[PDB]
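Trainee: Partial complex here, more coming in a sec:
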Amino acid sequence: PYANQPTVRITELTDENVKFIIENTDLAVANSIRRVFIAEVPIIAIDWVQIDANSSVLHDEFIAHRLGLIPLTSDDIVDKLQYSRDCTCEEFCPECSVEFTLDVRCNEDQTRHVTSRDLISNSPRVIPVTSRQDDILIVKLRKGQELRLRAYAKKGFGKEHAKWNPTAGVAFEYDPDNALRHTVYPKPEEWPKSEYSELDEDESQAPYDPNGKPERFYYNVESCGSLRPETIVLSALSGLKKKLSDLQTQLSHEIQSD
Amino acid sequence: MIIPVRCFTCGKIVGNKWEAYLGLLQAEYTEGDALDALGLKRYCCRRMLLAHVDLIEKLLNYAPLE
Amino acid sequence: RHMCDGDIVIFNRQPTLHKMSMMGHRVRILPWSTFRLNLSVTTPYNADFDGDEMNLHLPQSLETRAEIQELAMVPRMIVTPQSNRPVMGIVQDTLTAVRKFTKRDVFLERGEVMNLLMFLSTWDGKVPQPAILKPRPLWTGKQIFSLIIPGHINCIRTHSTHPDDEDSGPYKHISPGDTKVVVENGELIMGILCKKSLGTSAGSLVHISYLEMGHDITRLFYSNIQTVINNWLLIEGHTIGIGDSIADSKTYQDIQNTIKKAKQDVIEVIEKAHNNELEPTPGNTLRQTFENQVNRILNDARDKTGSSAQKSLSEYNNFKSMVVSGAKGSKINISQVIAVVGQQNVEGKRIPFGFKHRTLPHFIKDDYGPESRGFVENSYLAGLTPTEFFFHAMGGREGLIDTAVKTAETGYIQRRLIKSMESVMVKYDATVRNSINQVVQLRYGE
Amino acid sequence: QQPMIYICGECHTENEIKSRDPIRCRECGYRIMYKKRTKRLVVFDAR
């Protein structure tokens, strides 16, 4: 009547994605961790843009939309900042936000490519993905136009909006061989073998297994560039733990109150 | 009108690849090869470079001044 | 005060053909801005959730609110007097989902069972004994569905794929194909549920529930059916694709052979008519009998191809599942998709000669062959020839024009019918009269 | 002291047009002219 002892094994560690395997755990925990990877992951992003002069051809809101989707590295800043909603001051304080500025005006004859590199941030570590591969194209200006603005970044998670969605695409998969029969293939011979399939090329699918629980969940968390993959996993685990702790505290208070 | 910043389905940044895609297509590479040369595995992110129409150019033709 | 949750309104759709088009509903505010309503209530209104519009009036008097609540309400207006059968029935994906849910080969674990019971507004709170204790507790789809049936209902219905030569022979009370629905004490025992037992048909399970149990009980029955079947559909899942439209590569051979045989037969008929051998059938001229024979040959060929296609499907096919469930489709649709479309008639006849003695410039004069008069030999999966494409367009246009004229004529017909018997009623003297107190019937409906 | 500055149609040259005056550019002379962006706090939420 207690929990289990899951094991972890990394198969590929890079600066763009990680492929780990989790064994000896329930399917619900795996799916929940996945949904946390996508939704509930603190990360910094643009959420308040003050446009002062936009003579471009696009709409006034289009600039804000594109700026909202520009990732910002927050390897060690997201854990320090606090949610603007829970701030105890007025105006976007640097202790709970990061300021940006963009002032580009096409003067020469050739057309400009206003890229993310023009976002001059006040903080050193909170910068768009241009450290170490072109930059995110914002808009194109022509001789006579300009784009002056300054925006602030805040902490948020994907559940609020897609801008705070660090993971590009999580490849969640378990039981490569259709052993638990959770999916019935009308013609097994017509399907290809999974990447993690240990079955030989002769047999189509593993035989049935009545007394068999799902284990060995494979993951392929792919970072967009803002947070490192392993960092995404650690943040998700810590956040899920915090949610459970808060729920437990609330439950204890409710029981005590009754 | 302009290349999006991220793939609608997946979420991977694709905004910073339109210029690279055009350059690779211009040099010698074809589309089917350039897409995987840039690093686009999933087919959901490959439509952004194949389906996208670049209409910002026609818009820039109507320069306000000079 | 503003409209709050629990208030009574009168939701209505613009074309009010019959009584079951303006029923009261209880209010429930939701964030987004779109009217919503249970899918079962879509059949009466004839709505389609494809950009429709539905009005919503609101009374301003406790008198009228109570009157609507007691007379015009959804649970109270389940059975209609026009055909004394239910109007709200399961006619969407829930129907196909439940059909697959009640097959003999449906087994659920404790987790799934306990998850499905949560979506039950009338659960007594006791877990039923599993149908298979060892080697592992496994419930069965029918056993879970029994708890959804309220009260002690008893009814007998037949499934869509019920072979007629089964009651006469042995295995009457134990059917190998799991047909012959049998419910006792409100518990499903045999058969697979389909439109024949859950849809809008006389004697359906919902009809029996309404007649025996109260209207609110039937309402809870509908709610539980949808809330459980839709949730289990997540684990099951339903779809459709090319894999469900491909034949077995032998059915194509049979279809091609049949089509070639039909072509040879029609050519032989034409040759006989040319050489003056086909004698006129009684009651018809030579051209009439020639056309009738050709049409019969083509229809027989189409039926043979459709039957061959139907017999060549697999239980996992989705078209067949949706057709046997009766949710949306028919056998002729599968026949047209796979085997062959058929003849593109217009004005109850074959394609006429718009040009001088020929349908289109491509075909030569006096070409009464099947493909030259509308017979579409190909199928929607394998594309269509341009000529048959144009003929198919002609048929669709004929149908559209028919629908437009019907939509314009039936309204006037209904208006005249309503303006001639708008004052007739049943007085307290248990007799039907009109505004002039002239007795029309000593007893309503004799 | 705001004389309601405008922007010419084709010249894109600023012009000071006051009430009870013809709508024409200071040079060349056209009949089309647009206004300038407001000076208010145009603040959007990149949502």
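Mentor: Noted; the coordinates are in hand. Residues are numbered from 1 along each chain as shown, chains lettered A, B, ... in the order given.
Trainee: check contacts around the residue nearest the centre of chain D.
Mentor: In chain D, the C-alpha nearest the mean C-alpha coordinate belongs to residue D:6, at 1.9 Å (CA atoms, centre = their mean). Contact analysis of residue D:6 by CB atoms under 8 Å, 6 or more residues apart in numbering or on different chains lists D:14, D:15, D:16, D:17, D:33, D:34, D:35, D:36. To be clear about C-beta, it is placed using only N, CA and C from the backbone, and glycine gets the same treatment.
Trainee: any idea how far the last one lies from residue C:84?
Mentor: The one in question is residue D:36. Shown here: residue D:36 relative to residue C:84, a distance of 74 Å by CB to CB, to the nearest Å.
Trainee: Near chain A, which residues of chain D are found?
Mentor: Residues of chain D lying near chain A by CB under 8 Å from any CB of the partner chain: D:12, D:37, D:41, D:42, D:43, D:44, D:45, D:46, D:47.
Trainee: What subset of those is buried?
Mentor: D:44, D:46 (16 or more other CB atoms under 10 Å in any protein chain shown).
Trainee: picking up where we left off before, on the three-state scheme, the residue nearest to the centre of chain D is what?
Mentor: strand (DSSP: H, G, I helix; E, B strand; the rest coil).
Trainee: what sits against the residue in the stretch 201-350 of chain C that chain B sits nearest to?
Mentor: Nearest to chain B, among the residues of the stretch 201-350 of chain C, is residue C:241, at 16.7 Å (CB to the nearest CB). For residue C:241, the contact set (CB under 8 Å, 6+ apart) comprises residue C:318.
Trainee: Could you do residue C:231 as well?
Mentor: Taking CB under 8 Å, 6+ apart, we find residue C:231 in contact with C:115, C:116, C:119.
Trainee: which of these lies closest to chain A?
Mentor: So of the contacts of residue C:231, ranked by how close each gets to chain A (CB to the nearest CB), first place is residue C:115, at 11.2 Å.
Trainee: Quick one: neighbours of that closest one, just the number.
Mentor: Using other CB atoms under 10 Å in any protein chain shown, residue C:115 is surrounded by 15 other residues.
Trainee: Up against chain B, what does chain A have?
Mentor: Chain A comes close to chain B at residues A:55, A:57-58, A:66, A:69-71, A:111, A:113, A:115-116, A:129, A:133-137, A:139-140, A:142-145, A:162, A:165, A:167-169, A:222, A:224-225, as judged by CB under 8 Å from any CB.
Trainee: Can you give me every residue that contacts residue C:221?
Mentor: Contacts of residue C:221 (CB under 8 Å, 6+ apart): C:148, C:149, C:150, C:206, C:209, C:213.
Trainee: could you also fit chain E onto it:
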Amino acid sequence: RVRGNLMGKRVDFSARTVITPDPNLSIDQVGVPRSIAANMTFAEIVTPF
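Mentor: Chain E goes in next, on the same frame as the chains above:
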């Protein structure tokens, strides 16, 4: 007059909005939005209860 404003009139407290499916609601319920609910009203008599 007869068919225009005596047998078919225009009534207040009405609405007309697109419809969408919602199986989580019972057959007798209806998912009205918030704007229409706040715009309409229901005259209720005061009572100490």
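Trainee: just to revisit the earlier point, for the residue nearest to the centre of chain D, name its beta-bridge partners.
Mentor: residue D:15 (DSSP bridges).
Trainee: ok, it to residue A:55 distance?
Mentor: The gap separating residue D:6 from residue A:55 is 16 Å, by CB to CB.
Trainee: same deal with residue A:32?
Mentor: Taking CB to CB, one finds residue A:32 at 48 Å from residue A:55.
Trainee: Not counting sequence-adjacent ones, nearest residue to residue 7?
Mentor: Let's take chain A. residue A:23 (4.8 Å; CB to CB, 6 or more residues apart in numbering or on different chains).
Trainee: hmm, I had chain C in mind actually
Mentor: residue C:27 (4.5 Å).
Trainee: Residue C:6 is in contact with the one you found, correct?
Mentor: Yes - at 6.3 Å, residue C:27 and residue C:6 qualify as touching, with contact defined as CB atoms under 8 Å.
Trainee: quick one, which of the two is more surrounded?
Mentor: residue C:27 (19 against 8).
Trainee: Let me see the domain layout of chain A.
Mentor: For chain A, the structural domains run A:1-42+A:163-258, A:43-162, going by CATH domains of a matching chain.
Trainee: want to throw those into TSV with mean neighbour count?
Mentor: Listed next are the domains of chain A as TSV, based on neighbours: other CB atoms under 10 Å in any protein chain shown:
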stretch	mean neighbour count
domain A:1-42+A:163-258	15
domain A:43-162	18
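Trainee: residue contacts, residue C:101?
Mentor: Counting by CB under 8 Å, 6+ apart, residue C:101 touches C:141, C:145, C:193, C:229, C:232, C:236.
Trainee: Residue C:227 too?
Mentor: Residue C:227 neighbours (CB under 8 Å, 6+ apart): C:119, C:120, C:121, E:23, E:24.
Trainee: Please report how far the last one lies from residue C:31.
Mentor: The spacing between residue E:24 and residue C:31, counted by CB to CB, is 14 Å.
Trainee: same deal with the fourth one?
Mentor: Residue E:23 sits 17 Å away from residue C:31 when distances are taken as CB to CB.
Trainee: So which of the two has more stuff around it?
Mentor: Of the pair residue E:23 and residue C:31, residue E:23 is the one with more neighbours under other CB under 10 Å, namely 18 against 7.
Trainee: Please identify the helix or strand for that one.
Mentor: Using DSSP states H and E, residue E:23 is not contained in any helix or strand.
Trainee: what sits against the closest residue to residue C:131 other than its chain neighbours?
Mentor: Distance criterion CB to CB, 6+ apart; nearest residue to residue C:131, sequence neighbours excluded, is residue C:140 at 4.5 Å. Residue C:140 makes contact with C:104, C:106, C:107, C:108, C:131, C:132, according to CB under 8 Å, 6+ apart.
Trainee: put chain F on too:
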Amino acid sequence: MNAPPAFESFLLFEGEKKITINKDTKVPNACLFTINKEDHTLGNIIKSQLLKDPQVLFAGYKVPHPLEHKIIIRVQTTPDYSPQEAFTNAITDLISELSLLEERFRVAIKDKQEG
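Mentor: Same chains as before, plus chain F:
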């Protein structure tokens, strides 16, 4: 125009409780836990963890309406084991398992880098 904001899915409103206990009357030792501003993430793991415990006769959650941010968890244990302590133990052991999983993942990462 009536689209709800995005913070109403996780942030609590003034007056709304995060968790409320309500005893059921149809069977003994059965309570329905109603959670506010949560989704399947925080209910499916608890459902499974309760399923692991043998003393829990019944366990399962639901979502009264997808647009509404609320989930009801119904628990029924043996008469000698109240459902409150069952919920507490499920949360406690789940937290312990997540912490251990995090530690193992961290050590695996630190060993993977040059090792």
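Trainee: In light of the added chain F, please revisit the neighbour count of residue C:115.
Mentor: With other CB under 10 Å as criterion, residue C:115 counts 22.
Trainee: right, and it touches residue F:60 too?
Mentor: Yes - with contacts counted by CB under 8 Å, residue C:115 reaches residue F:60, the gap being 4.6 Å.
Trainee: And stretch E:37-49, how far out from the chain middle?
Mentor: From the chain centre to the centre of stretch E:37-49 is a distance of 14 Å (CA atoms, centre = their mean, to the nearest Å).
Trainee: what sits up against that stretch?
Mentor: Outside stretch E:37-49, the residues within contact range by CB under 8 Å, 6+ apart are C:1-4, C:7, C:27, C:29, C:58, C:60-62, E:13, E:15.
Trainee: If we use 6 Å, what do you get?
Mentor: Stretch E:37-49 is contacted from outside by C:1, C:2, C:3, C:29, C:58, C:60, E:13, using CB atoms under 6 Å, 6 or more residues apart in numbering or on different chains.
Trainee: closest to chain B among the residues you listed?
Mentor: residue C:29 (31.4 Å).
Trainee: Report the contact partners of residue 18.
Mentor: The chain I'm using is chain A. Taking CB under 6 Å, 6+ apart, we find residue A:18 in contact with A:221, A:229, A:230.
Trainee: sorry, should have said chain E
Mentor: Neighbouring residues of residue E:18 by CB under 6 Å, 6+ apart: residue C:34.
Trainee: what's the nearest residue to the residue of the stretch 51-200 of chain C found nearest chain D if we skip its chain neighbours?
Mentor: The nearest approach of the stretch 51-200 of chain C to chain D comes at residue C:51, 27.1 Å away (CB to the nearest CB). In space, and not counting its chain neighbours, residue C:51 is closest to residue E:18: 6.1 Å by CB to CB, 6+ apart.
Trainee: Residue E:11 now?
Mentor: Sequence neighbours aside, residue C:57 is the residue nearest to residue E:11 in space, at 6.4 Å (criterion: CB to CB, 6+ apart).
Trainee: for the chain, what spans make up the strands?
Mentor: If you meant another chain, say so; for now it's chain A. A:7-13, A:18-23, A:43-54, A:98-105, A:112-115, A:120-121, A:137-141, A:146-156, A:173-174, A:217-218 (DSSP state E).
Trainee: You answered for a different chain; I wanted chain F.
Mentor: F:19-23, F:30-36, F:56-62, F:70-77.
Trainee: Paired strands for the longest one, with orientation please.
Mentor: Using DSSP bridges, the neighbouring strands of strand F:70-77 in the sheet come out as strand F:30-36 (antiparallel), strand F:56-62 (antiparallel).
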